[PDB]
Every structure is written in C-alpha cells, then in structure tokens.
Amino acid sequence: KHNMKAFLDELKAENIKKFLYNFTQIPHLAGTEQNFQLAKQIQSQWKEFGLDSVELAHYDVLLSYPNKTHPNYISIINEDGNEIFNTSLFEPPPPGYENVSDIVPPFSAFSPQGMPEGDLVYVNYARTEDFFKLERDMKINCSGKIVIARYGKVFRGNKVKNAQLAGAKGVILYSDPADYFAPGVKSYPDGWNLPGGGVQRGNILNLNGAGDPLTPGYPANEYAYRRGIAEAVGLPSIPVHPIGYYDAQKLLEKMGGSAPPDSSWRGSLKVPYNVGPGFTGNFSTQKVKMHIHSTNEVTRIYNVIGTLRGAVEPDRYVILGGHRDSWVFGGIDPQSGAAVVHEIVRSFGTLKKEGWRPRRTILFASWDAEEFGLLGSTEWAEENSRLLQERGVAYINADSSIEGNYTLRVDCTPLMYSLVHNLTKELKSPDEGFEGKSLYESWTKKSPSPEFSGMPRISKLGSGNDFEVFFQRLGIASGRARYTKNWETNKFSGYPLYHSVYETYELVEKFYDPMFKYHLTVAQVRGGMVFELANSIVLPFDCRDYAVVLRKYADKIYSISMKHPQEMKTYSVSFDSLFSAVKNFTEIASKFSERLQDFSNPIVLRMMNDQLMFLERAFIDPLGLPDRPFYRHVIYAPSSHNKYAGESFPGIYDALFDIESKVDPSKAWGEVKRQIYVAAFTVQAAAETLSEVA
C-alpha cells in the first residue's frame, strides 16, 4: 500500500546522517560560489530522487560582508589614542578545520561603516523594558554612548533598533555565559558549550517582512527598480559588532558609574555589571572604539524549487520549505533541517517511482539568504504571490531539526493543532524512558500545555524564519516542528553554539544526536504533516481550534486594557464587538464542522476544502498593520519588541503598549478603539467565510 506508513517507514536516520555530513564540510554563505554549487547539487539530487521538475529561482538582493583586507574590530583606546586592547579578528577554528578557507569572521550583517569612540553603557539584553529601566528609572542617558548589550531574550535587530532610538552611536553585542554556557558541560570541542572565543553572527535588520531592502513588494528580478541605499528598508544607522565573552570581559571589567539596578542585570562574568556610563576613575579617560568596514552589495542568490504534481488537485500547493545558506558550516543551522528535507524528498520520490502521486501538489524549497533577512523565501513569494494566495494550502518550515534533545517544539496555526495531536499519537517517541510510548505522550509529559490537561504546548508564529512571508503577509496556514532543549527562559536565546564556527557536523554526531533518532522523529513530524496536508481528502484543519484561541486572545487583550479602568470609562472603550465576533466565529465554526462531517460530491467537498483553505486567508487585512504593510495577519504578528515571538491581536496590543506614557491620551485611546473595530470586523469576516456560501 502507498499510505502514510509507507512514506514514513522509508525515511532512514542513516540517510539523514549522510546528507548532514555532506552539507557541512565547507561553508555555504549566502551569495558565495560554494552555496551556488550546493544549490546545483540539491537540484540534481531532487531530480534523481523523482521530482517532476526542479528549478533554480535566482534574485539579486542586498547582502553584506566584511572587508577581507580591512577587518572589523573593537579597541579600548587610551587618552593618547593608543589601542591597548583589541577584540579578536576571528574565532579560533575547531579541530581539523583550522585550514578551511572562506570562513567569514564574526560580524553583524548590514552594519554601516564607522569608527565611533565614546563611553560604554551596559544595557543588559537591550529589551524595550531594559531601556525603560535605564532612562526612566535610573535616569541614564544613552545619547552619544556606545551600548554594550548581551545577546538573549529577543531578536538582535530589536536591540539595535532600541539602542538607536535611545540615541546610541554604536552597539556591541556579546554572548554571556549566563545565557550561552550551561552549568556542568564542556566548551566545544569536548562538549556543546560556547568557548570564550566563540561569537554569534547574525543580521541586525528591522525589515518587518519586507524581504530585500531594495525591492519591497516586488521580486528582485533582472529588471527590478531598486531603491537607493538611503531609502532602503530596515538598515541600522549605527555601527554594530558582535564579540565573545573573553573579549567582553575585557570591555566590561573596567566599567564605572551606576551599579546594576538588580540581579537580573548581572550575567556570569567576574565583573561588576556596572551600567556606567564610562570606566572607573583610574581608567576614566580610556574610551571604546569600533572599527567597522563591512560593505552592502547586491549579490545573486538561488532557491531550489522542486515540484511533485498532485494526481487530483494539482492546483493546490503544500509547501515544505527551509533554508540552505549558513553563517559557516551550518551543522545545526540549517543543515540539520535541510538533510531532513532531502530525505523527505527521497522518500516521496520512492513512492512516486512505484506509481503513487499525492492528491495535491507538493512543493519543496531550499531557500537562500535566510540569514540575511529571509530574502530567498520572501522574493520567491513576492514573485509568486498570486499563485500562493489562490492555491496555497499550507506551508511547513524546515530550518534546524534539533536545537536540543529534550522534547518536541511545535509552533503552528490553530488550524493544524488537531493534525499535530493526531500525527504525534501515531509516532514512536525516541526519548529515553518512553520506549514503546507515542511521541504525543513524551512531548505532552515534558512540555505540558499551560491551559489544558493531557495536552502539549504549541506556540504562536511570529517571525525569524522563512515561514514569515507565507503566514504573516500572505495568510497561508503555516507550521514548524523541531527538537529542543529543556532550558525555559533560554527560548529566544538560541543553543550555545548558535551562529558560531563551532556549529559543525561533529557537534551534532557527538553531542546532540549520535543515532540521528531525533532527526528521524523530526522528519516523521514534518514529512507526516506534509503527507496529510497533501493527501487527505478533506483538508486536515479544524476551524474550531481557532475559535478556542480567539476567545483566549480576546480575554487576554481585554485584561491588558483593564489595567486602565478610568480611561476605559472616559473614552468609552468597549471590547463588546470583539467578544461578539468571537462568539459568532465559535457558533459558525461549530456548524461548519457539522456540515463537514455530514456531506460522493466533490464540488461540496472542494467548496468545503476551499473554505478551510481560505480561512487562514481571511485573517489578512490588505491595509496591513500600522506602519508595517507586510505584516497583514490581524490575529498574529511578530512582536514589535521581539520579532521571534508571535503576538496575538498585535494591532490592539501595540495600541495599548506603554499607553499611560502617551501625551494625548484621547488620541491614544481612540486608536485602541480603532484597533478593536478592525479586529472585531476581521474575526466576523473570517467567520462568514465558513457560513453557507449561498
């Protein structure tokens, strides 16, 4: 038989191991020849594996690279302008790779050039609330200062945006052992911890969904008109550079001024964590000087797009997509995901050779330039937005398969909650002490839902990965699944070796997943989701699960507003319309489910499948969110304070944010109420797409 079990059994941990090894021997930096070579290899193998067609889609996008002959670094500069301390020019390469060429040294992609010098202020994680604490409570002024912030908690671009708006003239990012060194485990190469010479790369753009900075709205094709650099989307206006904790120790040890406001501001280094500004009296004339010479350049990138035509509904598209470009070797990020995708393709191609075709078309993507702002996925979706809008059933992402070995981590639309619960009950757990138990049982046990008993946690979709354009801009049902670690508050932080040269094949084979059984579990979850979305006669979405979270989000937003009862009186701020819309959505969803259960008629079915397919679509507002035209989903958006985090009713949330500080409370509360109207309307409108059609 050709059913899901046949698909699933054909997947092998050994194949995923081999692919991972193969994809991680050299660096595959976006825009470089070696990543073009690997694109061509993936394209050739997906053809060999059986796909009906496999093409490269290329674009010319703004990327960013250090100057090879003019290295970036930071100095402590004495009063005569002698540079008495220099941060490192590279990370000490790992054993056996100390002769790899073309390892990009640590840098912040899209930093402007500059050599600012001044006094340090230490800003903790550089969160919105950390700047509130500094400026509001401690009355510390970041204007003309160089901020040094620790990585963790939030997306690094938000930190740089927050620093810039506090008036900083430069940002230094470092990894603190508090966030990137787990107690009792050894530094790479002898464990999975970050060495003091290890550095996290990453871009620091604030694109808000735009894709290529130069071509918002439209694919960066051969005839594209490009914005001038000065009108580019999302570029930081101050120099930024990242460092390891040996270098950071050196920069923080001398710091004076005010003490840390409390213990949540202290990392694990044997330094005071003085906020500053500047150094203690003896070194008070010493300054910090950045040297940043990176350049932004329009560079060609390549997505691999494979197509497996559907037997019955070829004009319906289930997309499995993940990136191929890496900072250096990509041993976790992304090749542990890409190797899983390669084996999924192999498996579907095995059944295809035996004469099987999925019911719907499956599209497989190897995205380029994810690391530089989701550029490959976005430009491709901009080019194909009409097809995706009218034909896109679902998008399953496939970045890093593992970031730990503790339990499953799922972020998806409520429309896939049931699909995921059901599939995980059919899969074996690979965890120790759950042999013979389902993945559902181990996941639910290790990662319990905060609201429901005997349910696992599933999180909301924000941004920080290639699903973003499909879900947030286009409104296509999206999901992702990976293995993760226990470490609670380290959620948006990363694993220790994230974006460092130390992220290697050996890292994975030795310390994460020696048997490739977590990878295999992840391939079963991703591939199984895709198989069901692509082959189930009725789309496997439960609209009633959306009704349930909509009420939870309404309760939550209402409780946030209700911290301001006097203003809700004065300005007549009612949530009645939103709760009404949610009630209607619940009732109408329930009736649709009855009909879906209660109908040999392919038109009713497809009509009903179209209703299911367009329900996620219905949450899109074509006017987008305020000042964020590419974030169009009214229920979810990437948090304005942390793009990695999903926020619910983002328009009302931001209208309420820090409202007690607004100068015109009438205008601010009027906007809260505008946003309530927009959300109530959109919920009601999405509900009506599920009513009888005529």
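Each residue number is its position in the shown sequence, starting from 1.
Where coordinates are absent for parts of the deposited sequence, a chain break appears; between neighbours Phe599 and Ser600 it spans 1 to 3 residues. When the two stretches 192-200 and 319-327 are set side by side, the higher mean Cα temperature factor goes to 192-200. For the pair 671-679 and 11-19, the record assigns the higher mean C-alpha temperature factor to 11-19. Of all the options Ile396, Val522, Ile140, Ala365, the entry's greatest CA B-factor is assigned to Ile140.
Note on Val304, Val185, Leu205, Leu623: the highest value goes to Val185, judged by CA B factor as recorded. Ranked within its chain, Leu251 lands in the highest third, by CA B factor from the PDB record. When the modelled residues of the chain are ordered by their C-alpha B factor, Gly376 lands in the lowest third. Per-chain ranking of the deposited C-alpha B factor places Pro27 in the middle third. In the deposited entry, the Cα temperature factor of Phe516 places it in the middle third of its chain's modelled residues. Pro629 sits in the lowest third of its chain by CA B factor, as recorded in the PDB entry.
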